[PDB]
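Structural features, examined
Take a look at the letters that make up each chain.
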6 protein chains.
Amino acid sequence: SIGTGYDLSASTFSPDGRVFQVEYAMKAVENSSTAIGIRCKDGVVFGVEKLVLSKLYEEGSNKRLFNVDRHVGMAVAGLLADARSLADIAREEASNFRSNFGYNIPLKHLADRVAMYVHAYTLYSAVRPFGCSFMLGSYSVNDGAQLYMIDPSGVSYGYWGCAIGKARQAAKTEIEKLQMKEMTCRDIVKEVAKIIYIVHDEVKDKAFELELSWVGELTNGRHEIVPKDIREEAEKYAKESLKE
Amino acid sequence: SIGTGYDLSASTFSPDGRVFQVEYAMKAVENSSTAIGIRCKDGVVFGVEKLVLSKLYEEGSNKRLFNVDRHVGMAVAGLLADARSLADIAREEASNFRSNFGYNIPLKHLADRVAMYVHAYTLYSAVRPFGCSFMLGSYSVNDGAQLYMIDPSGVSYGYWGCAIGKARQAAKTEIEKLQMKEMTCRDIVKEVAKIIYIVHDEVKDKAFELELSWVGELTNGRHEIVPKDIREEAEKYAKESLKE
Amino acid sequence: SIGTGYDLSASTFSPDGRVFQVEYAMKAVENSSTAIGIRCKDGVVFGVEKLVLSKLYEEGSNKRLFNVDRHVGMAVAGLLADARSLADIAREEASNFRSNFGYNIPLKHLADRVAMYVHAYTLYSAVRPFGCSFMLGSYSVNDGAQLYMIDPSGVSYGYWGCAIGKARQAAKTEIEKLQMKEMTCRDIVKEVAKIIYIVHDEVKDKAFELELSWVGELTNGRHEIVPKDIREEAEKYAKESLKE
Amino acid sequence: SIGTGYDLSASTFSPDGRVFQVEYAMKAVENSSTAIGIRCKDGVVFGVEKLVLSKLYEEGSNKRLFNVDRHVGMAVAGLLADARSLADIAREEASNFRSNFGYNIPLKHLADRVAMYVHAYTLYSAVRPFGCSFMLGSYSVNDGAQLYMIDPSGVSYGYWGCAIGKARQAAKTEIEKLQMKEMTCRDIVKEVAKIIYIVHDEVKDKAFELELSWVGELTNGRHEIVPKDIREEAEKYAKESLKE
Amino acid sequence: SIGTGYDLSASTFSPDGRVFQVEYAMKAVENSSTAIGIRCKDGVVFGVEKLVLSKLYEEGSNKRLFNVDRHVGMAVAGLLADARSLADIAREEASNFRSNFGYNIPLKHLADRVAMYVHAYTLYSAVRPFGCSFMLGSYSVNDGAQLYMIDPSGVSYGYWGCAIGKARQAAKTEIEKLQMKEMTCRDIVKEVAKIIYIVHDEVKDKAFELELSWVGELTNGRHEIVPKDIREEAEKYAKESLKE
Amino acid sequence: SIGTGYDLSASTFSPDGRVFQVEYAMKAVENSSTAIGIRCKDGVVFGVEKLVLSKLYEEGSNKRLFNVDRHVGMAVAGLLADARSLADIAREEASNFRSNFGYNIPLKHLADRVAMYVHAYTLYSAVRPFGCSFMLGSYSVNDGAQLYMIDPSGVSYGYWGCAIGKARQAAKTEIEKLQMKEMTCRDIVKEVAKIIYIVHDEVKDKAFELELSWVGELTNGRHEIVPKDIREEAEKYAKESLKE
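Naming follows the PDB entry, where chain A appears as Proteasome subunit alpha type-3 of Homo sapiens. As recorded in the PDB, the entry bears the title "Cryo-EM structure of alpha 7 homo-tetradecamer".

Comments concerning the relation of the copies chain E and chain B
After a rotation of 180° and a shift along the axis of 0.0 Å, chain E superposes on chain B with an RMSD of 0.0 Å. The transformation just described matches what one would write down for a two-fold rotation axis. Minimal C-alpha distance to the rotation axis in chain E is attained by E:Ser99, lying at 2.0 Å. Here 100% of the interface residues in chain E have copies in chain B that are interface residues too; the copies meet face to matching face.

Description of the pairing of strand β6 (residues 145-150) of chain D
All names here are of chain D. Among the six residues that make up β6, six are buried, leaving the element largely enclosed by the rest of the structure. The turn joining strand β5 (residues 134-139) and β6, which pair antiparallel and follow one another in sequence, is formed by five residues; a positive phi near 95° is taken by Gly-144. Of the strand pairs in this sheet, β6 and strand β7 (residues 157-158) are connected by two bridges, and their pairing is antiparallel. Opposite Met-149, over in β7, you have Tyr-157 as the bridge partner.

Concerning helix α3 (residues 107-120) of chain D
Here α3(D) spans 19 Å end to end across 14 residues, near enough to the 20 Å set by a 1.5 Å rise per residue. Among the structural elements, β4 (72-75), α2 (80-100), β5 and β6 of chain D are those in contact with the buried residues of α3(D).

Some details on the interface of chain E and chain B
On the chain B side, the residues contacting the eleven residues of chain E number eleven residues. Each partner contributes to the roughly 920 Å² buried at the junction of chain E and chain B, and carbon and sulfur atoms together form 33% of this total. Three residues stand out in chain E for area buried against chain B, namely E:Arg70, E:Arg98 and E:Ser99, and they jointly supply 50% of the buried area on that side. Our count for the contact surface shared by chain E and chain B stands at zero salt bridges. Taken together, the links from chain E to chain B amount to eleven residue pairs in polar contact.

Focus on the interface of chain E and chain D
The partner chain D presents 34 residues to the 39 residues of chain E that form the contact. When the area that chain E buries against chain D is broken down by residue, the three leading residues are E:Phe13, E:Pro15 and E:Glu176, summing to 23%. Linking chain E with chain D are one salt bridge. Where D:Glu58 meets E:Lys181, a salt bridge forms, and the shortest distance between an N and an O atom there is 2.5 Å. Counting every contact that joins chain E to chain D gives 21 residue pairs in polar contact. Elements with a minimum of two residues in the side of chain E that touches chain D: α3 (107-120), β7 (157-158) and α4 (168-177) of chain E. Looking at which element gives the most residues to the side of chain E that touches chain D, the answer is α4(E), with six residues. In terms of residue class, the side of chain E that touches chain D is made up of 17 nonpolar, 14 polar and eight charged.

Let's talk about the sheet that holds strand β9 (residues 207-213) of chain D
Residue and element names in this part refer to chain D. Across the sheet, four strands lie side by side as β8-β1-β2-β9; this open sheet has antiparallel pairing. Two strands in the sheet have a free side with no partner beyond their single neighbour: β8 (161-164) and β9. Ignoring strand direction, the axes of neighbouring strands in this sheet form an average angle of 15°. Note: strand β1 (residues 35-40) against β8, four bridges, orientation antiparallel. Among the inter-strand pairings, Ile-36 is bridged to a residue of β8, identified as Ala-163. Of the strands in this sheet, β1 and β8 are in contact with helix α4 (residues 168-177), which crosses β8 at around 170°.

A look at the state of the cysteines
Enumeration according to the criterion identifies six disulfides over all chains in this entry. Disulfide partner of C:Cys40: C:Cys185, at an S-S distance of 2.0 Å. Across the S-S bond linking C:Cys40 and C:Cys185, the dihedral sits near 105°, which makes this disulfide right-handed. Within this pair, whereas C:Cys40 is found in strand β1 (residues 35-40), its partner C:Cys185 is found in helix α5 (residues 185-199), the two being separated by 145 residues in sequence. A:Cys162 carries a free sulfur, and the closest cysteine sulfur to it, the one in A:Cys40, is 14 Å from it.

Remarks on the packing of helix α2 (residues 80-100) of chain A against helix α3 (residues 107-120) of chain A
Residue and element names in this part refer to chain A. It is the contact of α2 with α3, at a shortest axis distance of 10 Å, that shows an interaxial angle of 140°. In terms of orientation, α2 and α3 fall into the oblique class. Relative to α3, α2 is oriented so that their crossing is right-handed. For the pair α2 and α3, contact is made by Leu-86, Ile-89, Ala-90, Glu-93, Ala-94 and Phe-97 and by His-109, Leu-110, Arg-113, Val-114, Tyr-117 and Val-118, respectively. Of the residues belonging to the contact of α2 with α3, the class tally is nine nonpolar, one polar and two charged.

Overview of the side chain of E:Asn62
Mapped onto the fold, E:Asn62 is located in the loop between β2 (43-52) and β3 (65-67). Judged by its relative accessible area of 14%, E:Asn62 falls in the buried class. Among all residues touching E:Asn62, those that are not within four sequence positions of it are E:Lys50, E:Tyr57, E:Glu211 and F:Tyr157.

Parameters at a glance
Residues numbered from 1 in each chain as written, not as in the entry; some residues may be left out. Chains lettered and ligands numbered in written order. Part of a larger assembly, values for the part shown. Heavy atoms only, no water. Least-squares fit on C-alpha atoms. Contact = heavy atoms within 4.5 Å. Buried < 20%, exposed > 50% of the residue type's maximum accessible area, 1.4 Å probe, protein only. Helix = DSSP H or I, 4+ residues; strand = E, 2+ residues; numbered from the N terminus. Pairing = 2+ DSSP bridges. Expected span 1.5 Å × (residues − 1). Buried area = accessible area lost by both parts, 1.4 Å probe. Salt bridge = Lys/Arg side-chain N within 4 Å of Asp/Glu carboxyl O. Polar contact = N/O pair within 3.5 Å; in protein donor to acceptor, adjacent residues only side chain to side chain. Nonpolar A, V, L, I, M, F, W, Y, C, P; charged D, E, K, R; others polar. Axes fitted to C-alpha atoms, helices over the stretch in contact; angles between N-to-C directions. Disulfide = S-S within 2.5 Å. Parallel < 35°, antiparallel > 145°, perpendicular 65-115°, else oblique. Left-handed = near helix turned anticlockwise from the far one by under 90°.

Following this line, the structure appears as structure tokens:
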């Protein structure tokens, strides 16, 4: 509890140098499950630790993945409603950005403006800043496969392999173990689902379901969801890992 | 009472990661009675636990169901006045959305914008956020039977069977028991009124009245209220359940 | 005193789920006297417990009834000045609503917009929300006799017989006793003044004067005040009740 | 051909004192058929000389009568398209005028503003002034049966019996013969259809069809079209006249 | 050549009563080929006399039919570029009109506003009025099969069978011969293509191609083009007529 | 010289039906040289009859081809300055249109809005309408190879092979001779340069230079100019034709 009076409406700084809304949003991220994203050599594919709680839900729904453009997706974590509001405002802002650019969409300045809108609600006191994270990734030809992760603190870090959520530590160690630039996207995403559901603890956390969505060379550049054969294949691949 | 100074105007985060307005609105929902909604295979029909208190009321009035379009309804719970304000603003926004679309109304982006307006009043300090919930459901042909539940935290979750209100736990277990995709809407809605008024405790809660409203194939796609023969039929069906 | 820090500017929620401005406005209503309204089968007539305090007042003045349209009246309770401001803003809004509609005025969406303006000042912090209540009632032919009661919490409940003010409990029991749909308006309003001035306690409360105003079939659809013969007749009728 | 250079864009006056656009619009009116309107003692009913040309038309369509409000109609003559534009703009202006007034709609200032909009397009040079005429008539209780005829020159003349169109001379003589204030509306409108289709010359003009629409006491104040029994009855009544 | 100085910028009237822009636009319509539209009992189907001139054209292109909504089409004649501008502005205005209405689109006030925009450019002098015609037709269930023809003079006439273009006289006689309300749409549209390409003179006019597009019961309410089997079937049907 | 007083500022119509600005712009087009465009099966490639007059010019400059997007070009004819203004305004409008659309750019509604801006300056009198023509063509994968020709009269006609300029007659006959849909783009564009410089008369017209620019499959979808080897190859191919 660092801060007495500082952390009330902490747009005002404390002499540690820690804006306590950033700790709000980060701890809210580590309250939610661990979703990662990776920038392989001919695609950018995301993955979400989706949590099964009951039978009243809907499969295919409860989706923490969100299309932004034809090949731009949004792998959210944190709080879902503000992330969907960010998805809508980023939809209109990606409309403005493929206005601005002539070719297919160059994710750099796109994610810069999206992170600008993220950090713009972080120095006032009307409502809260966005206590959620999300990952933007685009695959192209004239500019290639790009991946950028907008933190809740507005400092958008790009990655060849990223990790947000609860168990970010083991996830980022295992991402820094893998060959994030070398192999093709398909084996690497099998390894992604494999190792992330190794990281899934089945006792402290409840039941789980695979959540993943393509974009790359074999999917004709479309931001496709992972199909049911490849979904069950990655499920069996993670089960081969978890049986050991 | 998690939060000392955090939960004053809790647009500012606390280091747990829990925006305390969301707990305001959720506990306000569990203070009100339990209303559910279900997405059957040829319709989307809602249901409200309506509470009888006195004879000064009006039957047909005290309606916690609200038409939004010709086949779009709003099954509210929480606080009624802000829910009716949301009904009016969603009426103009559904006007803007059936402006935007060419066919009959595609509830997805509709409920996205409605949940955006829900979460937009959740980071300021002029007045409160909406301490109420509501369910949007549309039945169509070119896009089908769609159901979406906008939480008070702005993360609109769609469902094949949903549940909000006080006794959400037993209600969502019984919804995850039923065949929410398999049987026709009529037997399923009989089972809905049946099991929800099983869940109605007559001692801790006061007297009750059935509240339900159609839209589906037999109702010519009109968002009709359940008629008095089908109302008394579902009453007798729930009484057949409650006699056991 | 539920709420420590919550109830300062309680647009922010407390984890009970009770927006404390609603308790401000409701307790302010139960501080003021008990005024009721009833929707009989060929009219909508209001009634106010008017309190005699001194001889410096003016009879015909101190009116807690307010015309809104030619057949739309406003039976206020709570605080009078904000209720008159609501009367003025509802005058311009009823102007906008009989702009919008072609026939005589359909009170439903009218009272919806009025209750929207009521609840719109309930989530900010510049000045207070409206700590007062009022009843809207319209009698027509193409749409009939309609009655709607806008609470201070913005959830406008319609009634066939309503009751607001201090002694709402005994008043609403006696309204749920009477035949609010069956007899003609004239005998029912005699019973209204009768039973409401039975409910008037002459010891704890000070002296009283009858306040009532017609609209119905015999008054040519005009929102007339109750005339002096019918006023003294209802006074004598309540005295016949109170002599027992 | 009075005017050499004057009548080019005759917003500029000629020293006769005749704005030649008024002669454009009047001669355009006398090019179209003769439609009259009459203000009887408990209604205001219009009538149009409708011209049958071929079988490709639609009966009930080709309507030169236009509803403006629930009891306000528009009996047009001249050019039909600008008259329908005047019908639309008068629809929004009647919306603004039943905004302004509290009771049912007082046609006087309504037709004043409509004639103001008529004459407002008569001193410029972008497009033409309205080369058409129309009759406004309202029947009420608090203000009664009112009839007003807006000329194309903007000087709205009210009438107890009016006449516009081609054979205005014989029509206005026969209107000044009849009892426009004395008898009930039904016999008078039978006499209207009678004498106007006496005035219809079947050789110089082509085939004809009766066009008439009620508003009055028997029609519950609704601006109804004349029903088929009363239509064929007035046809037979005019045939009884024309057989002589 | 009626009018010396009048017909220069003929927003100013001449004392005949004939706005010479209406003669511009009508003679421009009779310069273009004859396209008709008909309102059969379960659909509204259009037809265009398309003129084959060379092999450099594109079949399926040179389309004088234009979709406005999912079941609203635009059968143009006159000048094509201003008709496509009217198609675009009517696209945004139909967006505004299915904003305004709750059910499927009621063509009446739609075509009223479109004809208002037609006549609005007819009294100024910046550029020309629209020297082209078009036909709007909608098929529905709650409001049915509606057909409306907006003339270039802004007086939108609805029809059960219409005809615009060059040989309007023989076309409208043959439309007033046929059973425009009685038979099903399919045989009637075969008769439409039959008789209209009887009316096509192959000597004075050059080569022709069938142009027709459905909307009705068998086409699932979609404004479909006539398929190639039904196109060649109607070609052979017109050839069976023309062989006699 | 059809029209006495009509053709002064001919936004006003003449009773022939010929807006004389369209004849201004068309005769201005036939004053300039003949440029064609063709929609082959895997590309849309343009071609301009460029006229050599002196040595003071610049090769690569005097370009009557204009890039609009990465694969959208503009083959102009008529007057060059207004065509470059149309190129700039179409650049911003194509920015607005690839705002609006999600995939690569769908030329249909693009050219519709561009032709709307063309025809929008054709009914006023401040400055002239655009006395020039231009051809828009886009090659894609999700929507394909599209070609559209915006006339100066605003009626944008799409083509599989088009022709504008001076000798449009022989050019369009030879385009309707060729296989505009069958062969690959490369041989067809060789035939284009071949036959168009057959059509070039070297006596009445002065010296000429080849002007052509690709977009298609071999050019990686880039709107490339024809390279110097393929330029001189098409020159030699046209010389092989012209030697006969």
